[PDB]
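Novice: need a structure here:
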Amino acid sequence: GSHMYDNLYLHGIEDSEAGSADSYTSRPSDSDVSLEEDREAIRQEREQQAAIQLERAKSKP
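Specialist: Residues are numbered from 1 along each chain as shown. Let me share the structure:
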């Protein structure tokens, strides 16, 4: 599964595109939309956002 919607949770690691069909804004809020439309150009950087997931893992829910 490539549901990296968790990336949208992006608390503090901007990188162009957000994620994909998920209800979370990049920083100012929360919005659900098919943001999988990430540019193939800057997506490499966006992939680094995936690393953010590791950062998110630090969350103690």
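
Novice: residue contacts, the spatially closest residue to residue 37 that is not a sequence neighbour?
Specialist: Spatial nearest neighbour of residue 37, chain neighbours left out: residue 17 (7.0 Å); criterion: Cβ to Cβ, 6 or more residues apart in numbering. Using the backbone N, CA and C atoms, a C-beta is placed for each residue, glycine as well. When contacts are counted by Cβ atoms under 8 Å, 6 or more residues apart in numbering, residue 17 is found next to 35, 37-39, 42-43, 46.

Novice: Now the one helix or strand residue 47 maps to: buried residues?
Specialist: Taking DSSP states H and E as the definition, residue 47 sits inside helix 43-57. Across helix 43-57, burial judged by 16 or more other Cβ atoms under 10 Å covers 46, 49, 52.

Novice: Give me the distance from that helix to the chain's centre.
Specialist: Chain-centre distance of helix 43-57: 7 Å, with Cα atoms, centre = their mean, to the nearest Å.

Novice: likewise stretch 17-27?
Specialist: Using Cα atoms, centre = their mean, the offset of stretch 17-27 from its chain centre is 6 Å.

Novice: secondary structure class for the residue lying closest to residue 51 once chain neighbours are set aside?
Specialist: Sequence neighbours aside, residue 13 is the residue nearest to residue 51 in space, at 7.8 Å (criterion: Cβ to Cβ, 6+ apart). Of the three states, residue 13 takes coil under DSSP: H, G, I helix; E, B strand; the rest coil.
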